[PDB]
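Asks: Protein chains in written order, with the deposited numbering: chain C, 8 to 251; chain M, 1 to 213; chain K, 1 to 199; chain L, 1 to 201; chain F, 4 to 241; chain D, 3 to 244; chain J, 2 to 205; chain B, 7 to 233; chain E, 8 to 123, 133 to 241. Mind looking over this structure? Questions follow.
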Amino acid sequence: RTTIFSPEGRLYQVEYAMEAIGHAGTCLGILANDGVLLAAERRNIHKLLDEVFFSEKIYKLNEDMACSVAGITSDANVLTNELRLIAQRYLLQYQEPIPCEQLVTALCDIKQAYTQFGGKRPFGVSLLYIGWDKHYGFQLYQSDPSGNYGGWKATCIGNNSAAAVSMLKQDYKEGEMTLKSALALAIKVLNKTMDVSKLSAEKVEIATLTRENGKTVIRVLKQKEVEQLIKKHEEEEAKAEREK
Amino acid sequence: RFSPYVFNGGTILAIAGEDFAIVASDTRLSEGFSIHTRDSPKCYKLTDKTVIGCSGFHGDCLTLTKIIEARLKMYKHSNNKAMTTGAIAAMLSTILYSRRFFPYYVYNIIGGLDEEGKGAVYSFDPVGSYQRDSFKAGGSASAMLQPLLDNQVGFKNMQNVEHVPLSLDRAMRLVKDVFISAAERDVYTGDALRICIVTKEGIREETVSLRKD
Amino acid sequence: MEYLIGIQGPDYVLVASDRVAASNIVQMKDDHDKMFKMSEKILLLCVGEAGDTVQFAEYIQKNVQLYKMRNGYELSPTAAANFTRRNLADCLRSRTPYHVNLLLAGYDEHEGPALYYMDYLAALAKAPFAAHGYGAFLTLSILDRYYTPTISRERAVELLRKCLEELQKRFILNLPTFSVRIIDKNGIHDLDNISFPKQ
Amino acid sequence: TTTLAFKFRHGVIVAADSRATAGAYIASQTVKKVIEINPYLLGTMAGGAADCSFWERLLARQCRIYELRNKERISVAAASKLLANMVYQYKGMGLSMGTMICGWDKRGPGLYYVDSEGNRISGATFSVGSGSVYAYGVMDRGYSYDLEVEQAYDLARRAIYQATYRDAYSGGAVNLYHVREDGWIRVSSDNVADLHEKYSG
Amino acid sequence: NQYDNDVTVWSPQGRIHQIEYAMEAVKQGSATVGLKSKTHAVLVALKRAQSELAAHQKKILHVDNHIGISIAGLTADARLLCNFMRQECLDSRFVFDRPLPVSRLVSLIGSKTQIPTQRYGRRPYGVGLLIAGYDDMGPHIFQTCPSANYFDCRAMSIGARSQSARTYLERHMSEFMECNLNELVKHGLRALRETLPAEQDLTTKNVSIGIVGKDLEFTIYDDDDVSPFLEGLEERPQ
Amino acid sequence: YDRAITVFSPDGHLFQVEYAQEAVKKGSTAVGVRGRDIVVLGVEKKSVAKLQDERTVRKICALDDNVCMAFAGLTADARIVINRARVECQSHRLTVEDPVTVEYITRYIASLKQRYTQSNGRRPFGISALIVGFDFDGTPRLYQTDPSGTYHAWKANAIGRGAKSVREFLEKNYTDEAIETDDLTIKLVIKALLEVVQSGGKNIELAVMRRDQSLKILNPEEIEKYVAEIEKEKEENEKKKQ
Amino acid sequence: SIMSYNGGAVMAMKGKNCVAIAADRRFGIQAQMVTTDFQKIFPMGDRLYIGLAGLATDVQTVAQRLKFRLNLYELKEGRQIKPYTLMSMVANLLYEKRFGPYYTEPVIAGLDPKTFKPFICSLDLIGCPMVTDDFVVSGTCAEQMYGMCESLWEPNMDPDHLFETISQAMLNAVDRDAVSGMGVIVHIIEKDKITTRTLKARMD
Amino acid sequence: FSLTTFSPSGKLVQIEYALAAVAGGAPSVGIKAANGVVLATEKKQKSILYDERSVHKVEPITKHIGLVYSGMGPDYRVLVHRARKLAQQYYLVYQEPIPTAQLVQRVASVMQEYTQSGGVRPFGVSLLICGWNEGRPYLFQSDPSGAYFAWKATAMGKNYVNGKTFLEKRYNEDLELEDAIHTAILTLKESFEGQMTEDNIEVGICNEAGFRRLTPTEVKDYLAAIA
Amino acid sequence: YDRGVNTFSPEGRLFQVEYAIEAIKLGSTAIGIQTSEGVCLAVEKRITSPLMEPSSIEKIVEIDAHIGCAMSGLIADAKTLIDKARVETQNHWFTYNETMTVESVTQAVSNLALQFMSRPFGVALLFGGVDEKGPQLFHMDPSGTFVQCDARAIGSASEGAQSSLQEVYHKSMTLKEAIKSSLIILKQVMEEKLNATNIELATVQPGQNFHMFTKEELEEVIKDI
């Protein structure tokens, strides 16, 4: 149980909830100067699945924020409603959008209380948050099931996160990262990590966050808009095989 | 419509001395222009050293004394001693402010002995503001008794006088003289005069008749 | 009754207030201050019932400073105004309603100066100038007469002085001395007090 | 009722009547309207005597616990705001209190007026009761922060005397106190009939 | 063996062992004796000290002007039940202005202590009481048990080594009725003495007495007020 | 009587309270030194990861103008304790207009932690806190709080991985001489943090408070200067004079 | 009266494939004007607006608490709101205070975001909707605006004429109400554009 | 055993065992044609005494939403009631009939309420929720975990794998509501251990006109491999 | 039977309550002595580092101007019970306007131990003060059992200290002599050099309030040892 320490000062339910995320789909984020994006993989791959929704794993929380999740999905549907309530409570209280760190603190204060108060299970969900505010600009955060958030410039959660992290360490070009550069890196990291090869456009989900005339924008790239990103990858690594 | 109060008459008096304390009262109980009974004393013995008088609405007079009697036993259980006059007074001050927004319509006078044998008289309002005094009157004729006590005990507006301390035999005659006169002008002051004297030897009682008109 | 006055300019917000607390007929204090410093670039001036003013204003300043502690940066004046107006309005149909008339003044690096008027019914409105009390009826005509949006600090203080001379002439109460304070990009500054040698 | 208090060079003076009244009848003329809250704090009584006494005894109960928990004597401002926030939770229910809190702390001589309505003001001169307006005049023409101690005593005594002369619900004795850095000290208890002789001829 | 760790569990033989174990906590306290004549009721206890240089534990408690108890078992249960009794008697004087009978108090005590025997999350009261009182039906001596049961008694002793006192009382019951107070107290003291070793004897320090009667409120005699009652005891050999 | 419940042991121990201190023996080292008009604490850094914004790894956290705080142990429990202390720092100015003192809020935090050792269904806060600050009368203060709800006052202390080795350092070194100026009070903390550090200087973060100033976190441009001064004063004394 | 403590005036009027909405710009206590740029029309989406006349506290409170619900709605939902449904949301919001009522009488005007047919509605302070097909009014000058819209309104009106109609009604109505005026603002909303105008009005 | 407990692998075991109770219930088919949705299931009795016109595995929630399940009928009758209440709450607030996706969300919330406390077991049912909103058909699949999936066709219960491969090899778009019923009955005929009668199955369809449970006559019509 | 406070042993015992007693011997030792001139309290501090300010180790405290406490055991239990005693002593003043006796403070503080909070308090306390009945010393135990004592020692070396007090104690002593005896006993149960920071000492006389000794007054008795 979660209200019990180990002799070595450990909390093993909090570690098992964190081990319950590698079973979930891979989701990464990439920060840039022009914007910030997310990239999830759709393990819901089947000939009879419909895909009615706008997006299955990218959830919009505010006019200036979205999130992606990995882990237990019921827990995600709980936390995504709580996030949307926190944002609107801040708006009602101040009539200004909530910054992209107060929301993460507010959700992590909920996640911390489940590791501490008797008969309830820690949320087996990690999250990534992308958003804009008038204090620090474009941001990217990463929550854990223990109630620990951290700011990042590029991170990955879920299956094969430790490999995408090593790739981003070896290909991120801080200070010179546009949004086309970030998507070109995403299509690479998400192809050198997926078990199913060739990276079908049906098997991914991408969202970009940008600004236009003092308004925030959160779009979702369509199928044909991602086919181009894929086609401009095998060409790129076919040229890195020409020089034999 | 239903008003929860009614004035049942009553008059009470207390005088303190260096080795004694008196608490007196009439015995008439009234209701408007009628008379309920002519044997209903307003004095109640609490301890061997302490006596209380109660005047006003009679239901509160009955409730409050029972509350006091139930608190004395709890004090004795917890502290293994009987209470003092000042402790009872300070406790009653809180019991009365417990009802600050629905008060006990009761005019109270405590009379007993200090912790070195001297007299002690504590007079209360219906909401618990208390005041140690040498003599105090309370009830319907309170406006009639206190001037003569101010004169014949405090020696006020009297020059070149012997400021003699009040002995018990003088105090008792004085106490009888004031009710004999309050029964002539106040219509609530009635049939008998109960007097409870407190001394180091114990507590006595005396009944003296008044006019039944 | 008590008097507040506020004036907004292109790069500043001037505010004043009387320094009088009063029992039935006598003045109990002449060194009184009705301003409450919420932040380095926000003020709150409050008038109303005796206890509601200090309780309400202390609550708001603590809940505004707690923002700075938790988050590391200030609240805007537009956000503090709506926090104040949300807490004044939740309490209105309750068992503890605050009867308080107040101004709010501040400066932000992005939006510039701001002045907000509020009534005891929690209706927020930003204006270029504003007043409270029975002196408003006299001193709002002078502001409408002589105020311009490009008014400078030195002329703003002269307009204020005229507004208070009109109180000393016509107003049925004394109001002998006044606090004066100004806000700008460099914070709050306690200007010299506009007094009147009545006695 | 009539009370007054002013703070000057050598601390705070406190004076008061001794009369209680229920309409036209004079119930008591030996009332102690200055409440010894602690050995280092003083109160006054004006309005509800039962309200003044109860809530200031409750204030004492918290001041002592403060001193025990923290091993430091409370301030005058803190002692005043305790009482104010306590009597603000009964606003409109019908309490009547007007009382000054007097004392010396690390900031200096302190004087604070607290009302059941919710006022809480710091000042150098205050008077409360029906006879307050008759004391304000004398105490205003006769004030100076550089007063001497006996002069301050005389001022307080004569202001209470002149207030008792006019007001009907004010009389009896004049009980005068003096707040210092070594605590407070009771000075006098002077009948108004005595001072009548000396201040007439 | 394994129907013992809870009071809500029966055994295959129809027994609750936690209650039987709570009854064993009365045998850990010092011995008390209770007895009654037709006019008076007496409790005599033997007090026990923790360190030699301390005061003896108080064994007899005042409940009202006509009821008093002597306790053997856990101190905390006794302190809770005494405060229950005191308020139940004050509640009777407040309403009816009469003293509460003793049968109607011990019935309430049983009704109170029956709950921990049946609901889980509460411990059975591991204290036994001997209750001496006087009402409109004469003197009474009541035993109260951790099993939520209670008995009306001519006399009784409870605590460690109380079978000796019980054996003594069982063969002198025919005298207690017409005994005066001195003889009754002496029978109690002798029954108590029968619980000691032959080494020890009764002393002012380790004897408390409680008496109630028609013209006598419940009084307690502890240290030097006991020496009248000790004078008269035959110096027993062994 | 063994692990897994806060009941007791035959020896008279509560092991779930010791196992929480064992979590405080697992975080990063955090030291604190009390001077006359400067008070300095420093905390080891958390091994940055080449793609992380370190603006959010705040180990040192202010509670009011006069009081500050540094913690070791669980990172999330720290945030709740710090917010619940920040609230009380303002509720204390509401209840009485005076500001707060260091012992008041230390006592409050310790009571909050004590409250979580009383019930099952509540887990103790797995942190300690060095709570340094100022007062009226300008008396510098330093306290240390453990999960069990115990608080003491210290001239200098340490918490985390390596506190058992920094305590010996400060035992051998802390005197009235090393608190002559502010620059000597800071060099002591630098040398103490060096005893567990990466032999760097970029793995250090120090803050200071004066009777006048508010909290002031240092930049590496001064940390490097202090560390170079300390490296020079040790190249000259320990080596070039022995 | 209550709602006359602050004043106000709101009107809505349909055309053919368009709709209008108008309000005065004054904020004042009983008889004193404080501010002349007070908001009383609030957007609730593109091609959908709402207007509020009554007690200003309740205006701001209702607008904020409705934007709360609308944002949560269109987040859970994946679609912008229809006017018929905003009407019922407001009705529920107001009937929740059936004995603590907000002192407002809203006016809604919009176009359905698929077929773009116009909609206009009115509600009372406890939420009885009123879906007319000509015009709706709420405020202190309700009779004066009924009298103008009854006489000037025509069934089919292009925006150039609808603007003139809804302006000449509002101006001549608020010019006979003492606590309404100090400016008039108008919104015209079509499938392709939203036009917004402030008008030359009396400031007495 | 316990439900508020993770395994070291990071699995919730009682949820996995509640899905095993779904995997052993009667089969249920679901197909989403272009102009409708079909729901079909096996309603077979243990004797000739059971009156089959008294209980229903196909139930309506509204005029335009309907249900089937695989697993436990007692658990089904709770979620039927809850869904019927939630639809009416939505109507009471908005005066619009609830969309088929919001009901699935609010019902998975109910299924998730029973996954987080101790002293409660999850539901032993999965659902298939058909609808017709905004001129488009819908079909979802709610699970005891609190998770839902939108399908074009699927099968739950006994032999839910071969019954799904059959649909993968024998289902496409450009169908209509009558070509899909034949396919659903053919997908049920795989597991039918006996002669399929009009009373051994139960069928419900949704379309522009709304949801309707077919009658035994209509079942016997298409049971002849007709349409 | 060992774990849980709602479980009786076959012999009718509560082992958790006894293990709460055993938590007192893990605390340093304290001594209290009655005398007709007053009461004394004397304790060891057990400083673990020279860096900690030993004045932050509250092992003797003021409950009121006429009652002082000395404790041994868990710190949290002690904080709770000391706050209880302080609050009760002032509620008594508020109601009755007099000083609570040491017996009644002890009685009221022991009533919290009678509450299964879910755990017995792991702390014993000595209460020294002056009443109408003169100087009084009391001892409270985790079982809520309290009794008047003439001399008592609690804590780690309570056995040897008690086995010495029974010899050096008589009911005729003075306070200066009892203070000397207490420190002589304290000297013998310490493997650290007795000094004016390793101990506290307090007294409560009739005509004087609670008074914790200073370094000067302490060294001026350490010298005559």
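Virtual Cβ for every residue (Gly too), placed ideally from N, Cα, C.
Which ranges would you report for the beta strand (DSSP E) in the stretch 209 to 233 of chain C if only whole runs of at least 3 residues count?
Replies: Correct list: 211 to 219 and 222 to 227.
Asks: Could you tell me whether the Cβ atoms of J:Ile-42 and J:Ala-24 are closer together than 9 Å?
Replies: Position 41 of the seventh sequence, counted from the start, is the residue given in the question as residue 42 of chain J. Position 23 of the seventh sequence, counted from the start, is the residue given in the question as residue 24 of chain J. Cβ atoms of J:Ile-42 and J:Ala-24: closer than 9 Å.
Asks: Just the Cα atoms here: how many angstroms apart are B:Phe-146 and B:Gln-118?
Replies: For the purposes of this step, residue 146 of chain B is taken as residue 140 along the eighth sequence, with counting starting at 1. For the purposes of this step, residue 118 of chain B is taken as residue 112 along the eighth sequence, with counting starting at 1. Approximately 16 Å between the Cα atoms of the pair.
Asks: Output yes if chain C places a C-beta closer than 9 Å to the C-beta of B:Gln-111; else output no.
Replies: Position 105 of the eighth sequence, counting from 1, holds the residue named residue 111 of chain B. Taking Cβ atoms only, chain C reaches closer than 9 Å to B:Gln-111, which makes this a yes.
Asks: Below 8 Å on the Cβ atoms is my contact criterion, and I expect D:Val-35 with D:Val-191 to pass it. Report the Cβ-Cβ distance as a whole number of Å.
Replies: Counting from 1 along the sixth sequence, the entry for residue 35 of chain D is found at position 33. Counting from 1 along the sixth sequence, the entry for residue 191 of chain D is found at position 189. Right, the Cβ-Cβ distance comes to about 5 Å (below 8 Å), so this counts as a contact.
Asks: Bridge partners for B:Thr-47 per DSSP, in chain order?
Replies: Translated into positions along the eighth sequence, residue 47 of chain B becomes position 41. In the DSSP output, where bridge partners are listed per residue, B:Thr-47 has B:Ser-34 and B:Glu-208.
Asks: Who are the neighbours of L:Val-34 on chain M, taking C-beta pairs under 7 Å?
Replies: The count along the fourth sequence starts at 1 and reaches residue 34 of chain L at position 34. Here the premise fails: no neighbours, minimum Cβ distance about 14 Å.
Asks: Answer with yes or no whether the minimum CB distance from D:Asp-67 to chain C is below 9 Å.
Replies: Sequence index remark: in the sixth sequence, residue 67 of chain D carries index 65 (1-based). So no, D:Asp-67 is outside the interface.
Asks: In this structure, does DSSP put C:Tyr-66 in helix, strand or coil?
Replies: By one-based count along the first sequence, residue 66 of chain C stands at place 59. In the structure shown, C:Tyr-66 sits in a strand (DSSP, three-state: E or B).
Asks: Rounded to whole angstroms, what is the Cα-Cα separation between D:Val-42 and C:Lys-199?
Replies: Here residue 42 of chain D is taken as the residue at index 40 of the sixth sequence, counted from 1. Here residue 199 of chain C is taken as the residue at index 192 of the first sequence, counted from 1. Those two C-alpha atoms are separated by around 48 Å.
Asks: Sorted by chain position, which residues of the same chain lie with C-beta nearer than 7 Å to K:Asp-184's C-beta, five sequence neighbours on each side aside?
Replies: By 1-based counting over the third sequence, the position of residue 184 of chain K is 184. The residues are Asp-11, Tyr-12 and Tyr-107.
Asks: What are the boundary residues of the alpha helix (DSSP H) that includes J:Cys-142?
Replies: Here the question's residue 142 of chain J lines up with position 141 in the seventh sequence. Taken as a continuous stretch (DSSP letters only), J:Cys-142 belongs to no alpha helix (DSSP H), as it is neither H nor E.
Asks: Going by C-alpha to C-alpha distance, which of B:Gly-72, B:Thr-160 and B:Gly-125 sits closest to B:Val-110?
Replies: For the purposes of this step, residue 110 of chain B is identified with residue 104 of the eighth sequence, where counting begins at 1. Here the closest residue by C-alpha is B:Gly-72.
Asks: Run through chain M and tell me which residues come within less than 7 Å of L:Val-31, C-beta to C-beta.
Replies: Locating residue 31 of chain L in the fourth sequence gives position 31, counting from the first residue. Within 7 Å Cβ-Cβ: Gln-131.
Asks: Please work out which residues of its chain come closer than 6 Å, Cβ to Cβ, to residue 208 of chain J, disregarding the five sequence neighbours upstream and downstream, and give them in chain order.
Replies: The requested residue 208 of chain J does not occur in the structure, where chain J is confined to residues 2 to 205.
Asks: Taking only the alpha-carbon atoms, compute the straight-line gap between C:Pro-129 and J:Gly-79 and give it to the nearest angstrom.
Replies: By 1-based counting over the first sequence, the position of residue 129 of chain C is 122. By 1-based counting over the seventh sequence, the position of residue 79 of chain J is 78. Near 30 Å, if we compare the C-alpha coordinates of J:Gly-79 and C:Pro-129.
Asks: Curious, which full-length beta strand (DSSP E) runs of at least 3 residues does the stretch 72 to 116 of chain M contain?
Replies: For the stretch 72 to 116 of chain M, whole beta strand (DSSP E) runs of length 3 or above, ordered along the chain, are 106 to 113.
Asks: Leaving aside the five residues before and after B:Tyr-144 along the sequence, list all residues of the same chain whose C-beta is less than 6 Å from its C-beta, in chain order.
Replies: Sequence index remark: in the eighth sequence, residue 144 of chain B carries index 138 (1-based). Answer for B:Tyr-144: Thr-106 and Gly-137, listed in chain order.
Asks: Buried or exposed for D:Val-50, going by 16 or more other Cβ atoms inside 10 Å?
Replies: Numbered from 1 along the sixth sequence, position 48 holds the residue referred to as residue 50 of chain D. So D:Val-50 counts as exposed.
Asks: Have a look at C:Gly-125 and C:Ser-81 and give me their C-alpha separation to the nearest angstrom.
Replies: The sequence position of residue 125 of chain C within the first sequence is 118, counting from 1. The sequence position of residue 81 of chain C within the first sequence is 74, counting from 1. The alpha-carbon atoms of C:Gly-125 and C:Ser-81 are separated by roughly 21 Å.
Asks: Measuring alpha carbon to alpha carbon, tell me which of D:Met-71, D:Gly-128, D:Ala-78 and D:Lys-243 ends up nearest D:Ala-87.
Replies: By one-based count along the sixth sequence, residue 87 of chain D stands at place 85. The residue with the shortest Cα to Cα distance from D:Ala-87 is D:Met-71.
Asks: Helix, strand or coil for L:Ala-24 per DSSP?
Replies: Counted from its first residue, the fourth sequence places residue 24 of chain L at position 24. It is coil, neither helix nor strand.
Asks: Does DSSP put B:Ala-39 in a helix, in a strand, or in coil?
Replies: Position 33 of the eighth sequence holds residue 39 of chain B. In this structure, B:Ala-39 counts as coil in the three-state DSSP scheme.
Asks: Which term fits K:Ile-172, buried or exposed, when burial requires 16 or more other beta carbons within 10 angstroms of its beta carbon?
Replies: Along the third sequence, one-based indexing puts residue 172 of chain K at 172. K:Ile-172 is exposed by the Cβ-count criterion.
Asks: For my contact list, B:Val-86 and B:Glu-58 are in at a C-beta cut-off of 8 Å; report their separation, rounded to the angstrom.
Replies: As a working note, residue 86 of chain B is residue 80 in the eighth sequence. As a working note, residue 58 of chain B is residue 52 in the eighth sequence. Actually they are not in contact, since the Cβ atoms of B:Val-86 and B:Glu-58 sit about 18 Å apart, beyond 8 Å.
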